[PDB]
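Structure first, commentary second.
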Amino acid sequence: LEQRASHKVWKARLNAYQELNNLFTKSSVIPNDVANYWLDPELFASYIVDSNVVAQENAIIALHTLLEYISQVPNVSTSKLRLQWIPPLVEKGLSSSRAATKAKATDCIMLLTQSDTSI
Amino acid sequence: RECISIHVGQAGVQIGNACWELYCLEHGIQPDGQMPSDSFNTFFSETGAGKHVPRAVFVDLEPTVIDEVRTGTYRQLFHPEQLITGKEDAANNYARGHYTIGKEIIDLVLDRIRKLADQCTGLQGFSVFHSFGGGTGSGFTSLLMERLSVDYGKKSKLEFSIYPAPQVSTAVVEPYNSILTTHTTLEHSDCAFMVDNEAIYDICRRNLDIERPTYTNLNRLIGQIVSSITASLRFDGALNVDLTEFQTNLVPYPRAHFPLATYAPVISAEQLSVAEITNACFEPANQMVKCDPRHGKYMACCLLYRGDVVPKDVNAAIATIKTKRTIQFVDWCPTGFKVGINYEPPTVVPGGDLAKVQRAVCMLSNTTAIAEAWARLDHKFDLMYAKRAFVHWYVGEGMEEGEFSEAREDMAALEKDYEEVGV
Amino acid sequence: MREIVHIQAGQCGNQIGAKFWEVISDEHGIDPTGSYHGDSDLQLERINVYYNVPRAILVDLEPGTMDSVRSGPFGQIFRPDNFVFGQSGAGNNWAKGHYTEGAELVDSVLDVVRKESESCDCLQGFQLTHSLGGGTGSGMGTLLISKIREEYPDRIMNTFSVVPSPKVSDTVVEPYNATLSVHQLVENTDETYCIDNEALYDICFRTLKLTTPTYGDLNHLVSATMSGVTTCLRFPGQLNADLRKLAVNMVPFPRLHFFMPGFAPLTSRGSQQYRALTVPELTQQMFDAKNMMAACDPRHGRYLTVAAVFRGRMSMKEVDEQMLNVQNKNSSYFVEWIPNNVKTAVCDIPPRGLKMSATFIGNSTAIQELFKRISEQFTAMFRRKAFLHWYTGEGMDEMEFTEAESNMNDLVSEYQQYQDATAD
Ligand SMILES: Nc1nc2c(ncn2[C@@H]2O[C@H](COP(=O)(O)OP(=O)(O)OP(=O)(O)O)[C@@H](O)[C@H]2O)c(=O)[nH]1
Ligand SMILES: Nc1nc2c(ncn2[C@@H]2O[C@H](COP(=O)(O)OP(=O)(O)O)[C@@H](O)[C@H]2O)c(=O)[nH]1
Ligand SMILES: [Mg+2]
Ligand SMILES: [Mg+2]
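Protein chains in written order, with the authors' numbering: chain E, 14 to 43, 46 to 134; chain A, 2 to 38, 47 to 279, 285 to 437; chain B, 1 to 42, 45 to 54, 62 to 360, 369 to 441.
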């Protein structure tokens, strides 16, 4: 199930992040109530700090495609998101030594920056 | 009237000990600070309880050396607030001494200097003791000298640098550190006495008859020669009675302010004439910096005799050397040798390998042959900087790589400045 | 710059690690109960460096290793909290040590590292012992290093990494593991002593005439080398005193910090050494490639920097002469563009069982020979793609192998560049 995104074993979390990344490509622009990674943004704030470098990077690219699937209406709730998300993104995504873990974290911040009215 | 001494890095600190050991014997001052007996209060202050305290600051970015000061023979002599220590040393890196570690302690050090300057009424300036190759000695000093040129800008500052020598060298990068401090300390120093540790090594092997000298051996010899230069300030002689006169007599060019010091006689503890010792001042074997003054022009020359000396013997020995040797001078100089005498005998340390001599002399002469010493450093520097070797250490501790080149150009320009004077 | 935190990881890590603690406990006069029964101040002058009881953390995924240490001679002295051990083993899988199983445990280790660092007057840096062909010592060690590097960036990282050789284990995945680990060490450690099992076997077999060397036999050579290179750190002395100063005078280019250690005289396990060597004899165990702990010929490259440590009562005059001699009589082998690149230091306290000894730490470009051997074995294995499903299954990407392969080859090229460099 989806609740396996917080499962103990890493390779089962790694699935859920890929499963999610599909969801945000393949699900509805209008958006299923199953797309509730807005009104609890603590979820992905947790996922970005995964405690596994490979399953972390996969959570960030799921957050990334989520965070561009949200350029559809109405998502005025991007204020809450920047508060919850970019501190984890900066603290441990930009920080990362991993080439791709960093590159997608910056891209994520970009997408949160243009969610906002200004910088 | 007062002069403040500063000691930076192990070199400064440990030579400091040797000098203040020797100052207290010359002034009959006790290890506890007392005195059963003015001109000497240029260097010492006085407690209400009849105790004589040095006007000195000890600085090291690491306890070990200064810890031995304040648990040793002269632990009582210094106030504990004068002895300042950090925890992480500079690790033979000018960058850490100047930028990374030095900024963490510079303000405490400048503050403790203000406390000694506040006790003083007519402060003259600063004497500064430090190594070249050391990270603390190079980096922190050059920083401290910059900041003293602000907080005390309108007064003198004198250097006592320890020129590096492979025989006691602790680091590969000592040429780097030497060049880097000499660049940034050039504008902020009025006069600077270099001490080649190789010459001091050579002298101790030949004239003191020691196989493998220790630092104590070298520091004692050095402290004897430092005492000879500061004797004029501590006993009220006729020559070099205050810090300005050092620049007046020895510095006819702000940049070229690096005198060669020559000291005779160095007699093992196992008497000579006035003429014999004055000839030894023009013998390279007894110089503090290894070069050949015969290959260079003299800009000035002072003779500081001390002991059983007849002023007429001096004038004979001078005329002997002025006639029977060819000491080339520059045409725009007073062709006359300045002299001063202090009739007190050269004090040695009880136990010292150096013997008590009846008379002694220390010749301070701003010859252009000392450029040879800068050339040796500059060359070693060039070899390593050609491959950017060890440069990442410096750049990774807050230093721009450009500063290497800016320093090297300032050393190349100084080598040209020595050349144009001597042609 | 006072205290050093020590770490040992994996089987080899705790083996040569404990052996090291055995050696320097004796040298400093500490018994297995942790009490001073020495007779000299030069022994407790800098005991605060490695001791408080050792400042040592013991790590392994293999839980058995726990007991192999405590059931050893000085096994009682180590702090019980500083044992941090997993349930299963890594099984020669670097990915399991670096990404999966070793990563799960690494937090527990950092908690103890923090604890020991917390109560240090002034930390110098760290010291890790480990093997590179393993899964735990290499994979979790390198992951531990990076994790410390980022938590303690103001400190030195110093490793005693031992290189795998077919002469000591026929496991063919070791080239993978060691290549991946070298890709880490070149980026993550300030200085690394390259202990080559190839050279340890060749010394026990050919010089010591032991037909079947055991680990204990190879570990004897290692523990004696370690006490030798750490002599400056553990006793009072002017030169190469602390970890940073050492690295400052040893490492001219950040990536080229792989030292070829070697020492003399080479003794067997508890054999009798009636005839004590002379100073010129010791000095002539430097270029003597049969004394190098790494399987490289110093004749085939050039020394960038050299540190010599002479232990025992002897003529400081003669040592200076012999070192000044051997340098200029082989002037073409020491790089010219680093003047006074060789540095010598003497310690009056000799090692156990010897009247005189001499250890020879060298940044020699010949070390490229060592990295050549590892890479060729790696490439032979990697071109047929053998055993890759082990690593990839644990979350690794095939790309990583290519990057580590290329990065080690850049490291070899760099050594070759400075070997062919000229001062002109
Ligand atoms: N003549 C003389 N030279 C010394 C003495 N102490 C150190 N040196 C020389 O000074 C150079 C640098 O060493 P240090 O002055 O101790 O270095 P430092 O100033 O303490 O700086 P760091 O130790 O790097 O923090 C070396 O080349 C030594 O040969 C001394 O007591 N007398
Ligand atoms: N010198 C030495 N090498 C060892 C020892 N034990 C294992 N090795 C080497 O280390 C490699 C195996 O790694 P190991 O440390 O046993 O695996 P780990 O426990 O997962 O770190 C092989 O190259 C072995 O030759 C030892 O006690 N001494
Ligand atoms: Mg120092
Ligand atoms: Mg094991």
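Cβ atoms here follow ideal geometry from the backbone N, Cα and C, with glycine treated the same way.
- For the 9 Å CB-CB criterion, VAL62 (chain A) and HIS88 (chain A) form a contact.
- Distance from the CA of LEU333 (chain B) to the CA of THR287 (chain B), rounded to the nearest whole angstrom, comes to 16 Å.
- Residue pairing from DSSP places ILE355 (chain A) in a beta bridge opposite A:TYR319.
- Short of 6 Å from the beta carbon of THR168 (chain B), and not among the five residues preceding or following it, lie these beta carbons of its own chain, in chain order: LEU137, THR198 and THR201.
- By the neighbour-count criterion, in which 16 or more other beta carbons inside 10 Å mark a residue as buried, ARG123 (chain B) falls on the exposed side.
- In this structure, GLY17 (chain B) has its beta carbon at no less than 8 Å from each heavy atom of ligand 4.
- Per the C-alpha coordinates, the member of A:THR193, A:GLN91 and A:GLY13 positioned closest to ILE171 (chain A) is A:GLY13.
- Using a CB distance cut-off of 9 Å, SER97 (chain B) does not count as an interface residue toward chain E.
- The alpha-carbon of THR51 (chain A) is positioned some 56 Å away from that of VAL195 (chain B).
- Pairwise C-beta distances place the region 368 to 384 of chain A in contact with the region 307 to 316 of chain A, as three or more of them are shorter than 8 Å.
- Taken through DSSP and simplified to helix, strand or coil, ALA58 (chain A) comes out as coil.
- Leaving aside the five residues that flank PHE404 (chain A) on each side, the residues in its chain whose CB is nearer than 6 Å to its CB run, in chain order, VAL182.
- Boundaries of the beta strand (DSSP E) harbouring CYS203 (chain B): 200 to 205, taken from the DSSP string.
- When rounded, the separation of the alpha-carbon atoms in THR292 (chain A) and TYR210 (chain A) is 22 Å.
- Taking 9 Å as the threshold, the shortest C-beta distance from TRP346 (chain A) to chain B does not fall below it.
- Around ligand 4, the residues selected by a Cβ distance under 7 Å to any of its heavy atoms are B:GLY10, B:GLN11, B:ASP69, B:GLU71, B:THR74, B:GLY98, B:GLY143 and B:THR145, following chain order.
- Taking 8 Å as the cut-off, one finds at least one heavy atom of ligand 1 near enough to the beta carbon of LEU227 (chain A).
- Within 8 Å of the C-beta of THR145 (chain A) there is at least one heavy atom belonging to ligand 3.
- Cα atoms of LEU291 (chain B) and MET416 (chain B): separation of roughly 47 Å, rounded to the nearest angstrom.
- When Cβ pairs closer than 8 Å are counted between the two stretches, the region 400 to 415 of chain A is seen not to touch the region 111 to 119 of chain B, the count staying below three.
- Taking non-hydrogen atoms of ligand 3 into account, the C-beta of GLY17 (chain A) is found less than 8 Å away from none of them.
- Within the same chain, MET313 come within 6 Å of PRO261 (chain A) by CB-CB distance, once the 5 residues on both sides are set aside.
- Residue side-chain check: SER140 (chain A) places its Cβ nearer than 8 Å to a non-hydrogen atom of ligand 1.
- Annotation for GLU71 (chain A) indicates a beta carbon within 8 Å of some heavy atom of ligand 3.
- Taking C-alpha positions only, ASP55 (chain E) is separated from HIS406 (chain B) by approximately 38 Å.
- Any Cβ of chain E closer than 9 Å to the Cβ of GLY144 (chain B) would place that residue at the interface, and such an atom is absent.
- Between the C-alpha atoms of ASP437 (chain B) and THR382 (chain B) there is a straight-line separation of about 10 Å.
- Just so you know, the alpha carbons of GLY131 (chain A) and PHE67 (chain A) end up roughly 22 Å apart.
- Using a Cβ-Cβ cut-off of 9 Å, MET398 (chain A) counts as an interface residue toward chain B, since at least one Cβ of chain B sits closer than that to its own.
- Per DSSP, the beta bridge partners of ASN167 (chain B) are B:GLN136 and B:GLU200.
- When DSSP states are grouped into helix, strand and coil, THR145 (chain B) belongs to the helix group.
- When only Cα atoms are considered, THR82 (chain A) and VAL363 (chain A) end up about 13 Å apart.
- Cα atoms of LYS326 (chain A) and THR194 (chain A): separation of roughly 41 Å, rounded to the nearest angstrom.
- Taking 9 Å as the cut-off, the beta carbon of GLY134 (chain B) is found no closer than this to the beta carbon of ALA9 (chain B).
- For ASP69 (chain A), the enclosing beta strand (DSSP E) begins and ends at 65 to 69.
- Closest in C-alpha terms to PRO103 (chain E), from the list E:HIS79, E:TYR62 and E:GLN129, comes E:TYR62.
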